[PDB]
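Colleague: Just dropping this structure here.
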Amino acid sequence: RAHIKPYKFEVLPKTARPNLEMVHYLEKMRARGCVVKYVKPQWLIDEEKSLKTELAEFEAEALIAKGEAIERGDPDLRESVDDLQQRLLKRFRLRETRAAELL
Amino acid sequence: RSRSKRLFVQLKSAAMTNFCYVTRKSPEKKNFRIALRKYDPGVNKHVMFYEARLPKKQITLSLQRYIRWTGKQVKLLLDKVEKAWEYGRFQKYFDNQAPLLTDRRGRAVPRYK
Amino acid sequence: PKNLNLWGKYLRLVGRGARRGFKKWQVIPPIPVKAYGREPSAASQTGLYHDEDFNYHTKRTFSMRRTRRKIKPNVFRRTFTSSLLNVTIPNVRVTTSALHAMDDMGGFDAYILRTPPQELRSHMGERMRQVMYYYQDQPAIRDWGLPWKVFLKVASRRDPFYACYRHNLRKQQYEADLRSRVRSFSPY
Amino acid sequence: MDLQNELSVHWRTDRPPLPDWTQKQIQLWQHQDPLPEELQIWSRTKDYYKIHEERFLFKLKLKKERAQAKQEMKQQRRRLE
Amino acid sequence: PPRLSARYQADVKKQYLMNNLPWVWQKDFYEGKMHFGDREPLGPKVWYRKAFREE
RNA sequence: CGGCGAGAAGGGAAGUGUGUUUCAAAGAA
RNA sequence: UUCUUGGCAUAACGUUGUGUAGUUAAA
RNA sequence: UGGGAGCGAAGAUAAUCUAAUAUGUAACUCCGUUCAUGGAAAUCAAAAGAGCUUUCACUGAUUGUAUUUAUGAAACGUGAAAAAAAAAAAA
């Protein structure tokens, strides 16, 4: 209401925090590929900081076991740690969906 | 009404998937356990199904109305409420049928729980 | 909501229609008169029924039936000795609720003197307090020991001598009559 | 502040304590106690509200149970001290 | 009780907000507060029941 | 080149997880 | 191009409701 | 006076009957209507925020109570009219 009719309010309100359902919906749309803009809570950041490391740990195994223990190619052409962690987190958060087969 | 003397048995899956089947047998074979190999969608595999040894004051509309009106013998309803509460139910999130017990003013908005 | 001490918790924040159409036969048990806002009764105004008055109740069976019946309060006859009035008050209709509050207050004179009118719910107690203050004001008349009901009216307080005179006169008359009545039917 | 304190002295200085009953009595002279919920229940309108609702009673039961848990935390401090 | 109610104090707070002074006369101004949204939710019970069943 | 007069009852209500919000049973056209 | 199968009933099960049972990590 | 308080049945509908509607309606008693009623939060909301009381419109015949027949100016919220915290230690 405030956003659509700013003229109706003498003093503009403050953005409220989302609940569990809305946070899940926003994170779901982020996977779809919509630019989501909202403040993140602390419980999610805390959990993700560990989840990313866990997923990285699991990924490394598959790499090293095979034999490819050391990376190759140009240093300026390989992926970054943040991108790798984001990709692993997205893969993890879509294991129970049909979209995994398309990967 | 039906005059059938046939007993009612209950076959349960061996996988603990909460899968059950319905059938009938003769009354003479009272002390006989039935075991089959049926499809179980819970595991997408053929599993064993064994006959289970399946074994109170009933509540009617009249009784319900009486209770609700007078307020006598409310423990019968309170026991069901406690059971429901104990079991996974009345959850704030991911629930439409009965997300909450009552509204702020003390009302049950969901007709079908 | 507001006024939690009073009945009708679930009736204030509702539609006007609900309030207007509210029925009285929907309540089985009685409700306190103070909480319900019921008007005092004539029998209560003539006694000391602190939290007691005529109430109503309804019944209900398994057949969804309902009725309404009247119920009377519990009243007792006793005697109280008032030191300030200097006269006995026989046959005082009281109740256990008032009796209890008398204990708390300290007695019969202090109960009447230190009870607010809204809690007393009795005009007879206000008249007795008035008479007590009149005796306080006028010790001389206090010595006579006449019944407290003689000076109940304001005109009797304005003219106390006349009141005692008339009381004695009428007592004389009554006894005179009685004597004759008896002598007429005397056996001997 | 000084001035205010001079004029706002207490009424219970250099006096012995009082029973809880007495305290209650004192309270009564200013403020009244709330009405029992047992009676209040009846106030519900049959038009929009169910007189005797099992869920409504269960909510009050849970609140009453939580009250004791709240009281225990306050009571533990005296034993600790 | 105070002379002025909270109801009326909200008007003074709104006037302060209009005048750009956020709020100074607060019970706790200099003390941090943990937002309710920063809490860790437990989630429904059916999830855990199903997980236990699967196990 | 902004730095501890840093407080306002300990009581009511709200989810029954409340580190959260609000309020003061007690004043006049 | 795959050789078969979702019983048996010449009398076929009482609809709806209640109770019981089952379902809701979504816009 | 279809205003407010006490008490308060039936004909009728459910094509008989119980609940229920009629209706807290009719009769009886009392207050006598804007100089009235009401009222300046231990309220509502839930993570934003509104700010005594009162009238109209919409939300909405939605939610709810019932069922064999009905009843229901619901709560939050929006628009609009009227806008009112306290004259105050005494002389």
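In the structure tokens, each chain is lettered A, B, ... as it comes, each chain's residues begin at 1, and ligands are numbered from 1 in order of appearance.
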I want to know what sits within 10 Å of residue 23 (chain F), based on only C-alpha atoms (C1' of nucleotides), with residues of the same chain fewer than 2 positions away left out; could you give that as an NGL selection string?
Modeller: (:E and (5-7)) or (:F and (12-13)) or (:H and (41-43))
Colleague: Export, as a PDB file, in the first residue's frame, the selected residues with C-alpha atoms (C1' of nucleotides).
Modeller:
```pdb
ATOM      1  CA  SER E   5      -0.576   7.959  28.459  1.00  0.00           C
ATOM      2  CA  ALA E   6       1.268   5.934  25.851  1.00  0.00           C
ATOM      3  CA  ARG E   7      -1.494   6.765  23.428  1.00  0.00           C
TER       4      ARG E   7
ATOM      5  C1'   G F  12      -1.774  -7.496  32.882  1.00  0.00           C
ATOM      6  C1'   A F  13      -2.288  -9.685  27.695  1.00  0.00           C
TER       7        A F  13
ATOM      8  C1'   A H  41      -6.873   1.739  26.660  1.00  0.00           C
ATOM      9  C1'   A H  42      -3.544  -3.375  31.732  1.00  0.00           C
ATOM     10  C1'   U H  43      -7.555  -2.333  23.864  1.00  0.00           C
TER      11        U H  43
END
```
Colleague: With only C-alpha atoms counted and 12 Å as the cut-off, give the residues of chain B in contact with chain D, each with its shortest interatomic distance in Å and the pair that gives it, as CSV.
Modeller:
```
residue,atom,partner,partner_atom,distance
B:64,CA,D:52,CA,10.3
B:65,CA,D:52,CA,9.7
B:66,CA,D:52,CA,9.9
B:67,CA,D:52,CA,7.4
B:68,CA,D:52,CA,4.7
B:69,CA,D:51,CA,6.3
B:70,CA,D:52,CA,7.6
B:71,CA,D:52,CA,5.8
B:72,CA,D:52,CA,9.2
B:73,CA,D:52,CA,10.8
B:74,CA,D:54,CA,7.2
B:75,CA,D:54,CA,8.7
B:76,CA,D:54,CA,9.3
B:77,CA,D:54,CA,6.0
B:78,CA,D:54,CA,5.7
B:79,CA,D:54,CA,9.3
B:80,CA,D:54,CA,9.0
B:81,CA,D:55,CA,6.7
B:82,CA,D:58,CA,8.0
B:83,CA,D:58,CA,11.6
B:84,CA,D:55,CA,10.4
B:85,CA,D:58,CA,9.6
B:90,CA,D:55,CA,10.8
B:98,CA,D:55,CA,11.4
B:100,CA,D:55,CA,9.8
B:101,CA,D:55,CA,6.0
B:102,CA,D:56,CA,7.1
B:103,CA,D:56,CA,9.9
B:104,CA,D:56,CA,10.9
B:105,CA,D:49,CA,9.4
B:106,CA,D:56,CA,6.7
B:107,CA,D:49,CA,6.5
B:108,CA,D:55,CA,8.5
B:109,CA,D:48,CA,10.6
B:113,CA,D:55,CA,11.6
```
Colleague: Which of chain B end up as alpha helix (DSSP H) when DSSP is run on this backbone - answer as an MDAnalysis selection string?
Modeller: chainID B and resid 61:70 75:86
Colleague: Keeping only N, CA and C atoms, write the selected residues to a file as a compact mmCIF listing (two decimals), in the first residue's frame.
Modeller:
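Now in result-v1.txt:
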```txt
# COMPACT_ATOMS: atom_id res chain seq x y z
N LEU B 61 -23.76 -37.48 16.86
CA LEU B 61 -24.16 -36.14 16.67
C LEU B 61 -24.89 -35.59 17.86
N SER B 62 -25.84 -36.30 18.38
CA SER B 62 -26.61 -35.98 19.52
C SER B 62 -25.75 -35.76 20.74
N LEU B 63 -24.86 -36.65 21.02
CA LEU B 63 -23.91 -36.61 22.06
C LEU B 63 -23.01 -35.40 21.96
N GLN B 64 -22.50 -35.12 20.81
CA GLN B 64 -21.69 -34.01 20.49
C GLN B 64 -22.39 -32.71 20.80
N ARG B 65 -23.63 -32.58 20.31
CA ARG B 65 -24.43 -31.38 20.55
C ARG B 65 -24.71 -31.18 22.03
N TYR B 66 -25.04 -32.22 22.76
CA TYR B 66 -25.27 -32.22 24.16
C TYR B 66 -24.06 -31.74 24.92
N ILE B 67 -22.91 -32.25 24.64
CA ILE B 67 -21.66 -31.92 25.20
C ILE B 67 -21.33 -30.47 24.97
N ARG B 68 -21.44 -29.99 23.77
CA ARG B 68 -21.16 -28.69 23.32
C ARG B 68 -22.08 -27.64 23.89
N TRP B 69 -23.30 -27.95 24.18
CA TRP B 69 -24.32 -27.13 24.72
C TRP B 69 -24.32 -27.03 26.22
N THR B 70 -24.35 -28.12 26.91
CA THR B 70 -24.36 -28.28 28.31
C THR B 70 -23.00 -28.19 28.96
N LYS B 75 -14.35 -34.40 28.66
CA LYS B 75 -13.11 -35.15 28.59
C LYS B 75 -13.05 -36.03 27.35
N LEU B 76 -14.20 -36.49 26.86
CA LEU B 76 -14.21 -37.33 25.67
C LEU B 76 -13.62 -36.60 24.47
N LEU B 77 -13.96 -35.37 24.23
CA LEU B 77 -13.44 -34.51 23.23
C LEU B 77 -12.04 -34.04 23.52
N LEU B 78 -11.77 -33.76 24.80
CA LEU B 78 -10.44 -33.31 25.18
C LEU B 78 -9.39 -34.39 24.92
N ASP B 79 -9.77 -35.67 25.06
CA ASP B 79 -8.83 -36.75 24.75
C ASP B 79 -8.46 -36.75 23.27
N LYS B 80 -9.45 -36.57 22.39
CA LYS B 80 -9.16 -36.48 20.97
C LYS B 80 -8.30 -35.27 20.66
N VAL B 81 -8.57 -34.14 21.32
CA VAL B 81 -7.75 -32.95 21.11
C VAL B 81 -6.32 -33.21 21.53
N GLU B 82 -6.13 -33.87 22.68
CA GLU B 82 -4.78 -34.19 23.14
C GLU B 82 -4.07 -35.11 22.17
N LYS B 83 -4.73 -36.11 21.64
CA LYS B 83 -4.20 -37.01 20.66
C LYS B 83 -3.74 -36.27 19.43
N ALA B 84 -4.57 -35.40 18.90
CA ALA B 84 -4.29 -34.60 17.75
C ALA B 84 -3.09 -33.70 17.98
N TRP B 85 -3.02 -33.04 19.10
CA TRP B 85 -1.93 -32.19 19.48
C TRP B 85 -0.63 -32.96 19.57
N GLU B 86 -0.64 -34.11 20.19
CA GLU B 86 0.49 -34.98 20.30
C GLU B 86 1.01 -35.40 18.95
```
Colleague: Give me, as a VMD selection string, all polymer residues having an atom no more than 10 Å from region 6-22 of chain H, counting only C-alpha atoms (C1' of nucleotides) and skipping those fewer than 4 positions away in the same chain.
Modeller: (chain C and resid 38 to 39 63 to 65) or (chain H and resid 26 to 30 66 to 71)
Colleague: So the first atom is CA of residue 96 (chain C) and the second is CA of residue 48 (chain C); what is the distance between them in Å, to one decimal place?
Modeller: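 Computed distance, CA of residue 96 (chain C) to CA of residue 48 (chain C), equals 9.8 Å.
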Colleague: Mind giving me the straight-line distance from CA of residue 27 (chain B) to CA of residue 4 (chain B) in Å, one decimal?
Modeller: 10.3 Å
Colleague: Considering only C-alpha atoms (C1' of nucleotides), return as number ranges by chain whatever protein or nucleic-acid residues lie within 10 Å of residue 49 (chain H), sequence-local ones (same chain, fewer than 2 positions apart) excluded.
Modeller: A: 13-14; H: 45-46
Colleague: Please provide the set of residues having any atom within 8 Å of region 17-31 of chain E, restricted to only C-alpha atoms (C1' of nucleotides), with same-chain residues fewer than 4 positions apart removed, written as an NGL selection string.
Modeller: (:A and (11)) or (:E and (13)) or (:F and (6-8))
Colleague: May I have a table of the residues of chain E lying at most 10 Å from chain A, giving each one's closest pair of atoms and their distance in Å to one decimal, counting only C-alpha atoms, ordered by chain and ascending residue number, as a tab-separated table?
Modeller:
```
residue	atom	partner	partner_atom	distance
E:14	CA	A:11	CA	8.4
E:17	CA	A:11	CA	7.8
E:18	CA	A:11	CA	7.2
E:35	CA	A:17	CA	9.3
E:36	CA	A:17	CA	9.0
E:37	CA	A:17	CA	6.4
E:38	CA	A:41	CA	5.1
E:39	CA	A:43	CA	6.5
E:40	CA	A:43	CA	5.4
E:41	CA	A:20	CA	7.8
E:43	CA	A:20	CA	8.5
```
Colleague: Taking only C-alpha atoms (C1' of nucleotides) into account, report as a PDB file with N, CA and C atoms, in the first residue's frame which residues of chain E lie within 10 Å of chain G.
Modeller:
```
ATOM      1  N   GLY E  43      10.381 -25.857  12.566  1.00  0.00           N
ATOM      2  CA  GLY E  43       9.621 -26.416  11.463  1.00  0.00           C
ATOM      3  C   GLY E  43       8.566 -27.419  11.921  1.00  0.00           C
ATOM      4  N   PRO E  44       7.772 -27.938  10.980  1.00  0.00           N
ATOM      5  CA  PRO E  44       6.723 -28.886  11.299  1.00  0.00           C
ATOM      6  C   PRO E  44       7.259 -30.175  11.923  1.00  0.00           C
ATOM      7  N   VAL E  46       5.753 -33.405  10.951  1.00  0.00           N
ATOM      8  CA  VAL E  46       5.577 -34.413   9.955  1.00  0.00           C
ATOM      9  C   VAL E  46       6.871 -34.738   9.250  1.00  0.00           C
ATOM     10  N   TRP E  47       7.701 -33.762   8.981  1.00  0.00           N
ATOM     11  CA  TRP E  47       8.987 -33.937   8.380  1.00  0.00           C
ATOM     12  C   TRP E  47       9.834 -34.903   9.179  1.00  0.00           C
TER      13      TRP E  47
END
```
Colleague: Per DSSP on the backbone, what are the strand (DSSP E) residues of region 15-86 of chain C, as a list in words?
Modeller: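 Going through region 15-86 of chain C, the strand (DSSP E) residues come out as residues 55, 56, 57, 58, 59, 60, 66, 67, 68, 69, 70, 71, 76, 77, 78, 79, 80, 81 and 82 of chain C.
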